[PDB]
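What follows is a short report on a single structure.
Just so we're on the same page: letters track the sequence lines, and every chain starts at 1. Side chains included, hydrogens not; waters and symmetry mates left out as well; all remaining heavy atoms used. When a ligand or atom number is given, it counts from 1 through the structure's own listing order.
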There are 2 protein chains.
Amino acid sequence: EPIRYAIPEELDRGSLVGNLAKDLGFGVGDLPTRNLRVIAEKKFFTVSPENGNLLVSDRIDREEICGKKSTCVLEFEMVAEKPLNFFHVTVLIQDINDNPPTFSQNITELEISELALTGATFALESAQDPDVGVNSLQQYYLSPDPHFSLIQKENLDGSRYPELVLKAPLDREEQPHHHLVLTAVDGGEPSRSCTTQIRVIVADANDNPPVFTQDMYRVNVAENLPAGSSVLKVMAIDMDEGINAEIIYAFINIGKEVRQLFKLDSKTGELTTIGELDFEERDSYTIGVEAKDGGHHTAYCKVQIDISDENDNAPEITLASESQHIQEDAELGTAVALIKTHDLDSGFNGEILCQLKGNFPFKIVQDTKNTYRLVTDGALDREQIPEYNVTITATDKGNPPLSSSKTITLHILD
Amino acid sequence: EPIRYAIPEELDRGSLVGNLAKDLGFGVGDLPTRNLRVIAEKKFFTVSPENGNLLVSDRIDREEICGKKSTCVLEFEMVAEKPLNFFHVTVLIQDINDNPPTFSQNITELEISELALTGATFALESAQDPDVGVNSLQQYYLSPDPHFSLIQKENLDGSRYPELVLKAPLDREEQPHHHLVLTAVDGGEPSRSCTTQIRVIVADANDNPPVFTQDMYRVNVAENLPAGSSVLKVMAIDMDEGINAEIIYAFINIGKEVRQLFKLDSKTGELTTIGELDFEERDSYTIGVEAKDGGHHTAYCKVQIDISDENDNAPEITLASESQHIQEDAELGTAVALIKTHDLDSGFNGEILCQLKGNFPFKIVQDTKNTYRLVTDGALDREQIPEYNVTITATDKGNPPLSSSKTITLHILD
Ligand SMILES: [Ca+2]
Ligand SMILES: [Ca+2]
Ligand SMILES: [Ca+2]
Ligand SMILES: [Ca+2]
Ligand SMILES: [Ca+2]
Ligand SMILES: [Ca+2]
Ligand SMILES: [Ca+2]
Ligand SMILES: [Ca+2]
Ligand SMILES: [Ca+2]
Ligand SMILES: [Ca+2]
Ligand SMILES: [Ca+2]
Ligand SMILES: [Ca+2]
Ligand SMILES: [Ca+2]
Ligand SMILES: [Ca+2]
Ligand SMILES: [Ca+2]
Ligand SMILES: [Ca+2]
Ligand SMILES: [Ca+2]
Ligand SMILES: [Ca+2]
Ligand SMILES: [Cl-]
Ligand SMILES: [Cl-]
Ligand SMILES: [Cl-]
Ligand SMILES: [Cl-]
Ligand code: NA
Ligand code: NA
């Protein structure tokens, strides 16, 4: 008048809630004349009209009735007749730990960049529990891992929530994935728990610059190398992923004489020629090469292209004389013509042998390495032979050898 | 025998190179009988056959003749007749500073990320100079800038090259571009210089996490809110650029009861409803909201959606009686029926006025706020009126008010 009992949830049917008749001043001597009965649209309790006992009639699930409410009370009216009267009854439904905690998904992915500093904190999804009180108060535990630990905090209402903490730096180059296990154990009786797996995927950062396989790429190519030919191929390695690893090669500090001669592929890094090499013009090229990635990390190496000499220049003859005139009475040994040979090549390709083709009354006398004198060696008479067509030949010592001829007409005078 | 002169380049035509006749033992008394002349395919010098002077015949450009060679020598043969003889002459061509330095392009762009540490070094393109010696030895100067300075180094051959150095950190959020000026001055006489402009473009880094405009978005909506209605809109601001600024919003630590009720757009961040709100079930929702960017920076806020009560539940009447029986000789005031009203709403929407419709020999007597007793108030006789159809009405105090009726038949007994 009124009265309030208190029973745990999930009791079997027919469990004694109370002695409503005894507790409300009734006597068994008038248990039937009064005809007590319960009145409620929910068939949760029934009054035994023989002895007056309030009993459980159906399943009383506190989670379905009150949910997350801190208190669970069921209010109804027991009505009696002769005389008619209402008797308000309230029954408190205590919570039992009959529900385990749960996570939203069994496996959760978490993207964390390798630039995360030691001590960085990342939010973790908390567990849910339809119970109340200590039966839903959770305790979180992370399985031991060399890189990640767990800190546990509490909200302003006392409920716990976990956070992942980084205690050792990450390196996608070393380990791109970490598999963690999280467990939630409630504080009810008995203890109930659940587990979820966290796949930490290490997001790539551009912490690795390109690295050339060599700080110097040296090669020797002949000067008669056709245009478009491959000469060498540089190579840079980037340990990072995606755009952080795409490398673009380019020449640096290059001149127009080399810009019109060589080409470096931006992607493949293969060096080729686009013009004609000439040993007589330049015998070596030192070129700086730069490699860049997506994050603008740079690396620098050098390329030395040495050019070897080829015998692609024929010897040259230059002649002089006294207006191509010779007096017929000239003494033996008189200078008649001057010979000057020259070859643009080097080594034995540039060495010159100069000789006289024919059977003339003349003779070549060598003065220096590249200077000769055509001198008279025989008789002369304008009446018999008025002029001589003297042919001088020059041949280098290359492989294959090259040669050239030059013929001068020498007139005989009286 | 031989002889080697030395003249600067770019001399006017007719400039005296030397006195070849005097220097080679010749005398003017036989200047004509000898007929000295120069022999070379390049028309660079001519011998005056009157006095024997070697003179400049055409333009002698050392850059076109020898290029970048440290020394420039022109070797030719002066030939004399009567008697015929060769005379080797070498002429050293000195270099003058008649060429300015040059850069490949007037404006150069350079991408540098704002993560560049103080002291970082970046390669700069060196200037080119077709001169040699000190006339091509360059000196680089950077115009004063608060963020960038310049260091000057030298290769193993003594040639200088510049490098840009960062002395103050970069912040694309503060200044995305820096305009620098580079000048190269050679060491010749007179000094020649050239300028190039360097547009440093600051590459964006994800150094700015998202920032919510509010740490709490509170709003009050009625329970009869139709599904699909907009309730609020969160907002996060990211100062960075591109993917580093694209923000994705999502709920965190959400349950299935709320997952089936609310929806948060990943792009617009607009919160809407997808189910039906019921004040009788839950009057408030506190939801955690997460905002992420491309670099996985995170921000967290909260959203509180309060639900206000609406009068959408009609009052309910529950009746009891002694098998719907009344004895005709019952005394005035006898309990005949029990009335139990209840309303699920709150406030005045839940307050109940219970009244009797009709002119019966009965009367409602209130016992508690929600319990009444139908009591006899008049005469009774089964021979005259054997039964009464008593209609009880209940009306709440909401706006608009709701009501309900329930009619019970009470039989009159002898
Ligand atoms: Ca339960
Ligand atoms: Ca429970
Ligand atoms: Ca539990
Ligand atoms: Ca790394
Ligand atoms: Ca990396
Ligand atoms: Ca990289
Ligand atoms: Ca050649
Ligand atoms: Ca050659
Ligand atoms: Ca040759
Ligand atoms: Ca010049
Ligand atoms: Ca010059
Ligand atoms: Ca110069
Ligand atoms: Ca910044
Ligand atoms: Ca930024
Ligand atoms: Ca950002
Ligand atoms: Ca409602
Ligand atoms: Ca309502
Ligand atoms: Ca109502
Ligand atoms: Cl009583
Ligand atoms: Cl070059
Ligand atoms: Cl002589
Ligand atoms: Cl929730
Ligand atoms: Na003769
Ligand atoms: Na009567």
Side-chain angles (χ1 to χ4, degrees), chain A residues 7-11 59-72 92-102 111 113 115 128-137 186-192 203 205 251-262 264 271 275 277 281-289 302-305 307, chain B residues 67-69 102-104 113-115 125-130 132 136 155 157 159 161 171-173 203-212 236-249 290-299:
Chain A
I7 55 175
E9 55 167 331
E10 306 286 353
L11 291 179
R59 176 170 181 261
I60 303 181
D61 175 29
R62 191 214 60 83
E63 277 69 47
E64 189 179 5
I65 296 171
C66 295
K68 297 296 298 184
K69 293 175 183 178
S70 297
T71 192
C72 202
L92 177 63
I93 300 304
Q94 302 164 343
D95 181 46
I96 65 180
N97 189 34
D98 58 338
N99 287 115
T102 172
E111 296 218 11
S113 82
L115 288 178
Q128 293 188 358
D129 198 314
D131 296 329
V132 291
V134 298
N135 301 334
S136 61
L137 203 63
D186 55 28
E189 182 66 24
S191 296
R192 289 177 145 83
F251 287 150
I252 60 176
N253 293 315
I254 208 53
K256 284 193 173 183
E257 57 168 294
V258 192
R259 172 175 279 97
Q260 296 291 114
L261 258 295
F262 297 102
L264 182 63
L271 215 170
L277 293 321
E281 185 65 30
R282 189 169 170 183
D283 53 13
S284 179
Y285 294 87
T286 294
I287 305 167
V289 175
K302 293 187 178 183
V303 161
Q304 184 170 345
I305 305 173
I307 300 185
Chain B
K68 297 296 298 184
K69 293 175 183 178
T102 172
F103 287 98
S104 299
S113 82
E114 48 186 336
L115 288 178
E125 177 167 24
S126 184
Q128 293 188 358
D129 198 314
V132 291
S136 61
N155 298 284
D157 51 31
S159 62
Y161 66 96
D171 189 15
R172 183 199 83 72
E173 295 83 28
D204 183 48
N206 195 50
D207 49 23
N208 291 278
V211 171
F212 277 106
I237 303 179
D238 201 318
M239 292 314 194
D240 302 345
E241 184 184 11
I243 183 61
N244 298 328
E246 300 180 1
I247 296 176
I248 61 171
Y249 307 90
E290 173 194 21
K292 297 175 57 182
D293 58 6
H296 305 97
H297 273 332
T298 55

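- For a distance threshold of 3.0 Å, the protein N, O or S atoms nearer than that to the Ca ion (ligand 15), listed by chain and number, are B:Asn206 OD1, B:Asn208 O, B:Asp238 OD1, B:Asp238 OD2, B:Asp240 OD2, B:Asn244 O, B:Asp293 OD2.
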Decide side-chain contact (heavy atoms from CB on, under 4.5 Å) for A:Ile254 and A:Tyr285; before the verdict, give the C-alpha distance in whole Å, the side-chain angles of both, and the deciding distance to 0.1 Å.
CA-CA 10 Å; A:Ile254 208 53; A:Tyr285 294 87; over 6 Å; no
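- A side-chain donor from one of A:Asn97 and A:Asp186 sits under 3.5 Å from a side-chain acceptor of the other.
- Around the Ca ion (ligand 2), protein N, O or S atoms at less than 3.0 Å comprise A:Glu9 OE2, A:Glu63 OE1, A:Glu63 OE2, A:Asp95 OD1, A:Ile96 O, A:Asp98 OD1, A:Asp131 OD1.
- In this view, A:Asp98 satisfies the side chain to side chain donor-acceptor pair (under 3.5 Å) rule with no residue, not counting sequence neighbours.
- Within a 6.0 Å sphere centred on CD of A:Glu281, other residues, nucleotides and ligands contribute 12 heavy atoms or fewer.
- Between the side chains of B:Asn206 and B:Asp293, at least one donor N or O sits under 3.5 Å from an acceptor N or O.
- In this structure, B:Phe212 and B:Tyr249 have tilted ring planes: the angle between them lies in the 30° to 60° band.
- Remark: B:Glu290 pairs with B:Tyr300 by the side chain to side chain donor-acceptor pair (under 3.5 Å) rule, at least two apart or across chains.
- When each of B:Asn208, B:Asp171, B:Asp204 is tested with B:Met239 by the rule side-chain contact (heavy atoms from CB on, under 4.5 Å), just one qualifies, namely B:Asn208.
- Judged purely by atom type and a 3.5 angstrom limit, A:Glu9 uses its side chain to pair as donor or acceptor with the backbone of A:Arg62.
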